[PDB]
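Please read the structure below before turning to the comments.
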Amino acid sequence: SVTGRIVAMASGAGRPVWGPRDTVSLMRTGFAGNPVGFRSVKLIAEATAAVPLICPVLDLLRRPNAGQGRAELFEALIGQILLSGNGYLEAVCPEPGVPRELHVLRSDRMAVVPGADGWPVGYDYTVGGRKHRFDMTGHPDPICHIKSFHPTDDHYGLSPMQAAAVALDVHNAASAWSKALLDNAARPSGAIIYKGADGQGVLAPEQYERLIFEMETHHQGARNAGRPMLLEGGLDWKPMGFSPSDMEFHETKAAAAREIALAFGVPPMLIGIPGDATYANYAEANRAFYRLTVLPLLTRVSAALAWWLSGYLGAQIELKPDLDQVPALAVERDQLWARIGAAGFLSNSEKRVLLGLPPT
Amino acid sequence: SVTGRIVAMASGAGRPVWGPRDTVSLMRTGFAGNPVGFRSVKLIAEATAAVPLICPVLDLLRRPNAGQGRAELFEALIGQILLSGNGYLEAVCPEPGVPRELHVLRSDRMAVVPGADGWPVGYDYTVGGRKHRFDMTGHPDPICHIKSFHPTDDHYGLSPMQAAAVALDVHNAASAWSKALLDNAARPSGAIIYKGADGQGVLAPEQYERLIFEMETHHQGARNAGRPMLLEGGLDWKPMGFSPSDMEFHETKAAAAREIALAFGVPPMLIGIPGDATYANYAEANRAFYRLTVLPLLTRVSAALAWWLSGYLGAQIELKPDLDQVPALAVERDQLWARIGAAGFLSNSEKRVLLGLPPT
Amino acid sequence: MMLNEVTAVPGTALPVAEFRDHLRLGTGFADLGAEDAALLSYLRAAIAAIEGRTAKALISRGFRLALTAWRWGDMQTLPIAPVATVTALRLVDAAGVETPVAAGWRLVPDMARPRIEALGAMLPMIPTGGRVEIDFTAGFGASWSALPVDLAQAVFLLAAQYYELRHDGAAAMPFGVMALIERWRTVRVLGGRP
Amino acid sequence: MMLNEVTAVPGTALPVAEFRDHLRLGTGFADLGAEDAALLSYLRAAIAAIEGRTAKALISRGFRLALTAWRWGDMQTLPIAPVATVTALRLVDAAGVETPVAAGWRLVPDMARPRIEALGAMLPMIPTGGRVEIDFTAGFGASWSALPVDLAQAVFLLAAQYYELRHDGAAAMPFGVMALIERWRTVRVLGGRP
Amino acid sequence: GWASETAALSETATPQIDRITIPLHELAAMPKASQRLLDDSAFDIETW
Amino acid sequence: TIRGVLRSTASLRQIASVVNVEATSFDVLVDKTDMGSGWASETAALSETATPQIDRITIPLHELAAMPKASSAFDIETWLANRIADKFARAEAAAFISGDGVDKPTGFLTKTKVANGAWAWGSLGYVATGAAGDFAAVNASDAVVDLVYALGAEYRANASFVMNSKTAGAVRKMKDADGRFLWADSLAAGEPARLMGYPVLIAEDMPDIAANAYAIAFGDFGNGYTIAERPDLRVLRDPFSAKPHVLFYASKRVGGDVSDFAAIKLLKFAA
Amino acid sequence: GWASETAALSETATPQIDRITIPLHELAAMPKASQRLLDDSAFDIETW
């Protein structure tokens with residue numbers, strides 16, 4: 001905070017700081033463009049919305065606004081964090097405490113203002129040429145700004161799609177390689193070469209319609225596969241091939257489809273990409289998914305809702321994921337109940353306090 | 001909210017916003033065109049209809065209208081969400097509460113109107129050149145608009161088929177590659193080259209019917225396979241081959257047939273596409289299907305029916321998937337009943353309350 | 001796409017008096033005897049052999065390019081390469097109402113790929129059945145002196161050959177006829193859909 | 001990109017009196033001038049052959065480079081290679097108005113890459129539907145003596161050939177016509193986008 | 001049109017609209033009654 | 001981050017009456033004259049004293065358009081959107097002050113000015129300074145103070161000066177017979193921003209001091225000048241017309257002239 | 001430009017983008033110090 005004043009002047013106080021320009025184009029080319037970048041965010045954002053929470057405040061979260069439910073809110077919230085590294089939540093307060101409206105402001109059209117002491121004073125929702133200038137020079141601070149970790153930038157997040165932005169363009173263009181190869185390719189199944197007495201000679205349109213009708217009827221198609229095809233003088237049939245037949249950038253697409261899944265943190269088994277068996281039997285890969293890239297993400301966002309929404313209340317509230325009755329963690333729950341349940345030496349109430357039960 | 005009021009006047013208030021251009025063409029080329037895109041939607045839409053629900057209001061859902069049952073409604077509803085990212089439900093209310101008609105309006109012919117404050121005021125059902133202009137400037141709001149998550153658009157969904165639109169055109173054209181290769185191809189099983197004394201020379205139609213009849217009778221067919229075939233002076237037999245025989249875009253189709261199944265989120269094992277064994281033994285892949293792409297999808301639509309239909313009632317109703325006696329989740333139910341049933345330390349009534357039983 | 005010439009050369013524009021000097025001047029039998037109007041008939045045969053191999057025009061004759069459908073959305077490369085000033089882009093309909101247009105297109109001149117390249121993305125659409133028709137003047141200059149002189153020498157190396165030997169008789173020069181033409185041929189590598 | 005010449009060579013700058021010394025015509029005859037009309041007809045036909053194989057200029061006549069869109073964002077390599085003192089990048093408009101622009105463009109002299117690189121990171125913009133012609137005088141020198149002499153010899157090896165054989169009749173030197181040209185041709189290996 | 005789009009019809013003639021004004025005049029009658037007649041008569045002339 | 005030249009931002013938008021309008025035009029309705037009531041006589045006819053003739057002034061609500069062609073270090077979509085909003089904030093400022101009638105809002109300087117004291121409704125009133133080149137030589141600032149006190153006490157509750165930078169320069173150049181800077185006395189003060197108790201708006205589209213130019217204005221522009229506009233900004237992110245250049249289309253529509261001819265008073269630098 | 005209704009507005013001038021180069025020159029000092037003078041004196045010469 002003491003050094004906060006020094007970085008603020010360099011950027012320029014009172015003026016909007018934009019950060020990354022090409023953020024909106026990674027969405028259309030990397031999330032609406034390829035299925036791997038599409039499925040990876042949809043797999044996470046529909047997983048963090050499904051996790052229950054532990055606190056009143058959750059009555060706001062259950063019904064944030066019209067037409068945007070509890071689970072639909074976090075899909076919009078985490079879906080901006082995975083896409084552009086930043087999450088925004090406007091609170092509309094007709095009432096003084098616990099404001100009854102939440103709105104995920106998209107992070108394409110939002111810009112920060114550094115202000116005096118380096119910590120932000122303005123946020124600017126910029127649609128068309130129109131700005132809004134939300135104000136942070138107050139106590140309730142009407143927008144929570146959830147940052148992904150960015151080491152070099154002081155105001156935004158890193159957005160894992162930016163780290164995979166080369167592997168998206170490999171997977172977008174290798175998939176479009178095979179598309180435009182199926183659309184721009186002339187393979188013939190042969191060529192009836194007609195030289196003539198000279199090195200060059202055309203055949204007359206009388207002879208040419210004769211050549212079609214014996215080729216149309218008697219030689220093409222499945223039903224004429226293999227006629228013995230008499231070739232008189234001058235004529236010759238050179239059959240062409242198609243030498244790379246399968247596998248046009250097949251492994252570099254399948255390797256880039258795994259590096260996209262690597263950056264968002266989904267395992268290759270969940271998304272459905274082919275590859276070597278790393279995880280075994282989905283009791284691991286679903287448990288690894290909710291432990292390395294979902295529950296760390298959800299306990300970081302819920303820790304920002306636990307502090308931003310407590311600024312509207314008087315008492316501070318904690319708000320964490322449940323990490324109980326989330327059915328992907330049952331292999332960590334069998335393993336912990338059967339450990340203490342088999343420990344017969346310590347008594348009955350001495351293990352209800354370990355497994356989390358109210359003792360009797 | 002406040003940002004929304006500014007967003008409206010950028011696009012234009014009171015005027016219809018259409019969104020996706022090609023969504024009428026992705027249906028014919030991606031859902032009536034290929035089996036992989038066809039089966040993937042049919043696998044999900046017939047799964048969400050089979051899941052029971054927990055609440056009167058469900059009496060409407062059981063029998064919405066004539067000729068369109070309960071299970072047939074959600075197949076129509078989810079079948080529009082997977083195809084075009086948007087679900088629509090018209091309600092006809094002769095009576096004030098619990099309107100006795102539901103109709104899945106197709107999302108090709110529906111368009112939104114942003115209205116004044118950014119949240120929609122009109123929906124326009126446009127068939128031919130004829131409109132309807134449903135009105136949202138009231139409390140019951142006669143159409144629930146279920147959005148898939150779209151980060152860039154403010155009014156529509158993303159429609160996973162749009163994310164797989166490259167892999168559909170690969171799979172459609174590679175499959176049509178082999179069709180038209182079996183239909184336009186002239187392979188011969190040889191060529192009887194007849195040069196002559198000159199470099200060129202035809203053979204007379206007397207000699208040519210002799211040449212057919214000794215080829216028609218004595219050399220072609222299974223029964224003449226391998227006759228020793230005397231070749232006098234001038235005649236010569238050059239046997240042709242067919243150098244790419246199998247496997248015309250065989251793996252690039254099979255990789256694209258997996259990326260379509262990847263985008264909708266079905267596992268490769270359920271749909272029947274070939275590929276490396278990711279899931280093991282169908283107790284997982286069916287359990288993965290009802291946990292990563294069905295029950296998150298079904299708990300998101302049911303959360304919108306719980307709020308739109310409660311606008312017709314006085315009291316608000318919750319409406320969630322059962323997540324019980326759905327037989328793909330039996331491996332999550334064995335694992336949880338045998339954990340607590342073997343926990344002999346805590347008493348009998350202390351585990352009926354954990355497993356969800358009525359206590360005794 | 002018929003692309004007939006409106007008018008041919010006058011004949012008096014051709015360098016018949018100069019071609020007699022390329023035939024035998026400074027060395028030779030004398031001026032000798034040459035059927036004058038014969039020598040004009042070999043220059044028109046050597047220019048029309050180099051107008052075809054180079055797709056150039058060389059005298060700046062008037063053309064009429066009447067084609068039915070536009071190939072691209074807006075581009076319309078013109079075949080006869082050195083162009084200047086579209087005379088008119090009149091547009092006839094299936095009955096022959098012949099309604100010209102005067103704006104919407106800007107000819108972009110070039111020796112490589114002359115174009116029509118309309119403004120924006122809208123090039124004048126075609127009446128169904130009513131072929132579009134473009135009149136233009138293509139070539140280097142009105143007189144023989146306005147030509148590139150290396151291309152003019154390829155005419156004189158060729159028109160003298162048709163004068164020196166009549167039938168197709170057999171006979172590797174460094175800059176022959178063929179080596180002077182190749183920097184004026186059209187180098188194209190498209191066999192595709194656009 | 002049209003690249004026409006404003007003015008041709010004067011003809012009096014060509015060394016007809018020295019080309020006559022090359023071809024061994026004759027020394028002290030009283031006629032001495034029966035070939036003057038044709039000797040410079042082959043010198044202009046051999047320079048224009050070597051101006052196209054080398055993309056050089058050799059007499060420093062004035063050019064006019066009328067083009068519409070810039071080839072690269074800022075560079076704009078000129079075709080005719082040995083340049084000096086680009087006169088005017090007058091920027092015409094869609095129709096009519098021609099405004100010469102100092103515009104903050106430089107000129108990078110080179111025999112291989114005669115660029116016109118801009119200093120403000122962007123050349124002067126182009127009015128949509130209008131061309132940007134560049135007047136520049138490109139060549140080695142004004143008179144014949146300012147040439148590289150090996151390239152001047154390659155004209156004399158070539159124009160002597162056109163004088164000695166008229167039609168394309170076939171007929172190995174260490175430094176022939178071709179081996180003198182090849183250190184003046186443009187060596188390029190880019191077929192790419194930039 | 002069908003083939004007129006190629007030759008002409010770069011724009012289709014829009015409907016030239018027209019405003020017809022209802023001037024909204026008033027219809028007023030002012031009959032004059034006497035105060036003697038309004039008081040003497042058994043017939044309620046004021047409501048007749 | 002790409003930089004640009006920083007232009008003036010003060011635009012007369014924050015002191016004039018900004019009205020959100022949705023139709024094609026905005027009609028303000030001002031009566032031109034008084035009731036004309038007289039003291040009645042005890043034995044007189046006393047009828048039809050007078051009636052204020054009303055007048056509709058039409059804000060035409062013109063449109064403003066700028067059309068640049070776009071032709072990964074800095075991102076053009078955000079930067080060009082942050083430049084074209086500045087140009088639409090600055091180009092309407094010239095129309096608000098010295099715009100003419102054709103296709104653009106007519107500024108308050110272009111309204112057929114009449115010398116104050118012979119002031120009628122159809123014009124704006126001015127006060128003369130003295131010599132034609134500049135302020136008066138004998139007593140400077142007398143033109144400023146009687147410009148203030150020749151307006152009307154009801155509009156001077158919230159009125160402001162409108163100048164450009166180098167007219168406020170020539171105002172701060174005023175000094176007494178010892179040279180002690182009548183406005184902001186020391187060389188250590190700065191812009192005092194409260195000229196004659198009233199705020200100053202440095203609007204660069206005002207003319208400078210010339211032979212007859214009206215370089216200083218003063219008024220309650222909340223009643224005087226009405227800016228009627230639509231708040232949004234059109235954003236056509238065009239992916240057609242030219243593949244090479246995006247050629248974004250951005251437009252804001254805005255109109256305005258004077259609603260009240262009594263609020264604004266001008267300073268003519270002449271005799 | 002203020003766009004008329006019957007104008008069919010032309011495209012305007014895209015602002016020229018300038019690119020000014022900082023050359024980033026070097027500035028170095030090379031003092032020559034004696035080894036004995038650095039080893040004998042009481043002052044921290046490498047610091048001074």
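Naming works like this for the structure tokens: A, B, ... for the chains as they're shown, residue 1 at the start of each chain, ligands 1 onward in shown order.
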**OP:** Compute the post-superposition RMSD of the C-alpha atoms of chain G relative to chain E, with atoms paired in order and the fit done by least squares.
**Re:**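 Overlaying the two chains on their C-alpha atoms yields 2.5 Å.
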**OP:** Please give the complete set of residues from region 23-184 of chain C that DSSP, run on the backbone, assigns to strand (DSSP E), formatted as a list in words.
**Re:**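 Going through region 23-184 of chain C, the strand (DSSP E) residues come out as residues 61, 62, 63, 64, 65, 83, 84, 85, 86, 87, 88, 134, 135, 136, 137 and 138 of chain C.
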Subject >> Selection: 8 Å around region 293-297 of chain A, only C-alpha atoms, excl. self and same-chain fewer than 5 positions, as a ChimeraX atom specification >> reply: /A:44,47-48,264-266,321
Keeping N, CA and C atoms for every residue in the selection just given, could you write it to a file as a short mmCIF file (atom, residue, chain, number, x, y, z; two decimals), in the first residue's frame?
data_model
loop_
_atom_site.label_atom_id
_atom_site.label_comp_id
_atom_site.auth_asym_id
_atom_site.auth_seq_id
_atom_site.Cartn_x
_atom_site.Cartn_y
_atom_site.Cartn_z
N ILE A 44 -15.90 -27.11 -16.66
CA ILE A 44 -15.51 -26.55 -15.37
C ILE A 44 -16.62 -25.67 -14.83
N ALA A 47 -19.29 -27.43 -13.39
CA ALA A 47 -18.91 -28.16 -12.19
C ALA A 47 -18.84 -27.27 -10.97
N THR A 48 -18.36 -26.04 -11.12
CA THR A 48 -18.30 -25.12 -9.98
C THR A 48 -19.68 -24.62 -9.60
N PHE A 264 -6.44 -25.54 -19.27
CA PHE A 264 -7.60 -25.36 -18.41
C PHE A 264 -7.60 -26.32 -17.25
N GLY A 265 -6.85 -27.40 -17.34
CA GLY A 265 -6.65 -28.28 -16.22
C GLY A 265 -7.55 -29.48 -16.19
N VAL A 266 -8.38 -29.68 -17.21
CA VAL A 266 -9.23 -30.86 -17.26
C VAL A 266 -8.32 -32.05 -17.57
N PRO A 321 -16.56 -23.88 -0.25
CA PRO A 321 -17.21 -25.08 -0.78
C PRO A 321 -17.45 -26.12 0.30
#
**OP:** May I have the residues within 6 Å of region 257-266 of chain F as a ChimeraX atom specification, using only C-alpha atoms and disregarding those fewer than 2 positions away in the same chain?
**Re:** /F:106-107,124-126,216-220,223-226
Just write the chosen residues, N, CA and C atoms, as a PDB file, in the first residue's frame.
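Okay, this is what ended up in again.pdb:
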ATOM      1  N   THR F 106     -26.822  24.334 -34.485  1.00  0.00           N
ATOM      2  CA  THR F 106     -26.411  25.716 -34.690  1.00  0.00           C
ATOM      3  C   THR F 106     -25.946  26.273 -33.356  1.00  0.00           C
ATOM      4  N   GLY F 107     -24.685  26.677 -33.287  1.00  0.00           N
ATOM      5  CA  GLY F 107     -24.136  27.164 -32.041  1.00  0.00           C
ATOM      6  C   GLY F 107     -24.672  28.526 -31.664  1.00  0.00           C
ATOM      7  N   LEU F 124     -29.098  37.597 -29.593  1.00  0.00           N
ATOM      8  CA  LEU F 124     -28.315  37.585 -28.369  1.00  0.00           C
ATOM      9  C   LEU F 124     -27.692  38.955 -28.149  1.00  0.00           C
ATOM     10  N   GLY F 125     -27.579  39.341 -26.885  1.00  0.00           N
ATOM     11  CA  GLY F 125     -27.069  40.650 -26.542  1.00  0.00           C
ATOM     12  C   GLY F 125     -25.573  40.646 -26.301  1.00  0.00           C
ATOM     13  N   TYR F 126     -24.915  41.721 -26.723  1.00  0.00           N
ATOM     14  CA  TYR F 126     -23.491  41.857 -26.474  1.00  0.00           C
ATOM     15  C   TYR F 126     -23.203  43.206 -25.846  1.00  0.00           C
ATOM     16  N   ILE F 216     -15.712  36.085 -25.546  1.00  0.00           N
ATOM     17  CA  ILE F 216     -16.149  35.807 -24.182  1.00  0.00           C
ATOM     18  C   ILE F 216     -17.665  35.746 -24.170  1.00  0.00           C
ATOM     19  N   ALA F 217     -18.205  34.648 -23.660  1.00  0.00           N
ATOM     20  CA  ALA F 217     -19.634  34.530 -23.447  1.00  0.00           C
ATOM     21  C   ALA F 217     -19.886  34.340 -21.967  1.00  0.00           C
ATOM     22  N   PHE F 218     -21.099  34.647 -21.527  1.00  0.00           N
ATOM     23  CA  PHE F 218     -21.477  34.481 -20.133  1.00  0.00           C
ATOM     24  C   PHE F 218     -22.951  34.137 -20.054  1.00  0.00           C
ATOM     25  N   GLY F 219     -23.272  33.063 -19.341  1.00  0.00           N
ATOM     26  CA  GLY F 219     -24.669  32.720 -19.198  1.00  0.00           C
ATOM     27  C   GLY F 219     -25.048  31.505 -18.386  1.00  0.00           C
ATOM     28  N   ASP F 220     -26.310  31.480 -17.966  1.00  0.00           N
ATOM     29  CA  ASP F 220     -26.962  30.267 -17.487  1.00  0.00           C
ATOM     30  C   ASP F 220     -27.347  29.443 -18.700  1.00  0.00           C
ATOM     31  N   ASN F 223     -30.707  27.164 -18.912  1.00  0.00           N
ATOM     32  CA  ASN F 223     -31.886  27.691 -19.576  1.00  0.00           C
ATOM     33  C   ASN F 223     -31.581  28.131 -20.993  1.00  0.00           C
ATOM     34  N   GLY F 224     -30.372  28.629 -21.237  1.00  0.00           N
ATOM     35  CA  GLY F 224     -30.028  29.151 -22.541  1.00  0.00           C
ATOM     36  C   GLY F 224     -29.926  28.124 -23.643  1.00  0.00           C
ATOM     37  N   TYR F 225     -28.956  27.227 -23.553  1.00  0.00           N
ATOM     38  CA  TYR F 225     -28.635  26.334 -24.651  1.00  0.00           C
ATOM     39  C   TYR F 225     -29.145  24.939 -24.314  1.00  0.00           C
ATOM     40  N   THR F 226     -29.960  24.366 -25.192  1.00  0.00           N
ATOM     41  CA  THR F 226     -30.513  23.033 -24.983  1.00  0.00           C
ATOM     42  C   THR F 226     -29.845  22.050 -25.928  1.00  0.00           C
TER      43      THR F 226
END
Original post:
Among region 31-154 of chain D, which residues carry a DSSP assignment of alpha helix (DSSP H), reported as a ChimeraX atom specification?
Top reply: /D:36-53,149-154
**OP:** Name all residues at most 9 Å from region 65-70 of chain A (count only C-alpha atoms; drop same-chain ones fewer than 4 positions away) and give them as a list in words.
**Re:**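 Within the cut-off, the hits are residues 49, 60, 61, 74, 75, 100, 101, 102 and 103 of chain A; 144, 145, 146, 300, 303, 304, 307 and 308 of chain B.
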Subject >> Contacts of residue 242 (chain B) within 8 Å, only C-alpha atoms, excl. fewer than 4 positions in-chain, as a VMD selection string >> reply: (chain A and resid 239 241) or (chain B and resid 187)
**OP:** Considering only C-alpha atoms, return as a count of residues only whatever protein or nucleic-acid residues lie within 12 Å of residue 290 (chain B), sequence-local ones (same chain, fewer than 5 positions apart) excluded.
**Re:** 32
**OP:** Tell me the residues of chain B close to chain F, meaning within 10 Å using only C-alpha atoms, as a ChimeraX atom specification.
**Re:** /B:5-12
Subject >> At most 9 Å to chain F: residues in chain C, only C-alpha atoms, as number ranges by chain >> reply: C: 119-122
